[PDB]
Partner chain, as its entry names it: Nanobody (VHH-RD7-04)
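Take a look at this single chain in structure tokens; it is the form solved without its partner chain.
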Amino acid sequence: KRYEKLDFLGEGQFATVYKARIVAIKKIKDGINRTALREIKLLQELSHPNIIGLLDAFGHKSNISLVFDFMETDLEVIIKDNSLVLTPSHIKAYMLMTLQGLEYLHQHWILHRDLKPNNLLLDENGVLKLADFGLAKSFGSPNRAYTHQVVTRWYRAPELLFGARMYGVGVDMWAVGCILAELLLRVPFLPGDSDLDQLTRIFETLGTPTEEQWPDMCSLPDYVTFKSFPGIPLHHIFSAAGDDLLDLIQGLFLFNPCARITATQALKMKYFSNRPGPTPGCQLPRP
């Protein structure tokens, strides 16, 4: 039509992403794919600097391709880059942009449900945008059922792994915490091999929660009991993490989703309003 093809960018369960003229094209009897329609319908109603902006959509018959602004990198490339030092200011800036985008998304009653470093895209100016809204859904309605097989397993919240059909911003918040952990360690925090393995790793690192820290944990459909792991204290996992950062991590990793800090609560924490300030976009590391 009007776009060429320049460079293959990625390949997922539902679509393949390449570059064009710079923009990124996501090429996706049932009809037009529901993932593309979900992305279009959600990104048309959202406008925030930390959320990916849909620019165009085209196709023929049941085929569909979406057009976005070209995003220079993603957080996974940053994390996996052994030559880039992730200073506390850089981590704070990434977390801040992620949380601002997530707060804007949550006020409009939409959960991302696919938060992970490769879905957090960065441009040459350093602005972080949430991307890949193919699994995002609106929340706040009791009659809308959800599926618990959302979020990548390594970043899946324990209530999701326990089969929570109804859930709130915590499923994103937990993923945020995992991303934060992946920022601090430079390796995946909880690299499980299955839902059982993921739950085991969560409970062996953070301690097996009881009813006191999760009053209705035994009501989730696929709830499975585990041995009561003491859990490694957070200051040993993240040796170079200050008290405010430890408080933020603890809030993000609270087992109770209701008690788990929201994006607004996380943004209000002393960690973000503390020395040193978040890195400006022009100075954030680029691979």
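Positions refer to the first chain, counted from 1.
Unshown form deposited with its partner chain bound; subsequent notes refer to it.
At least one heavy atom of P215 is located within 4.5 Å of its partner chain in the bound PDB entry. Among residues of the shown chain, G53 is not one whose heavy atoms approach its partner chain to within 4.5 Å in the bound PDB entry. A residue is said to contact a partner when one of its heavy atoms sits within 4.5 Å of a partner heavy atom; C258 meets this definition for its partner chain in the bound PDB entry. Remark: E124 does not count among the residues lining its partner chain in the bound PDB entry, judged by a heavy atom distance of 4.5 Å or less.
Proximity to its partner chain in the bound PDB entry, taken as heavy atoms within 4.5 Å, picks out 203 to 211 from the listed stretches 67 to 75, 114 to 122, 203 to 211, 178 to 186.
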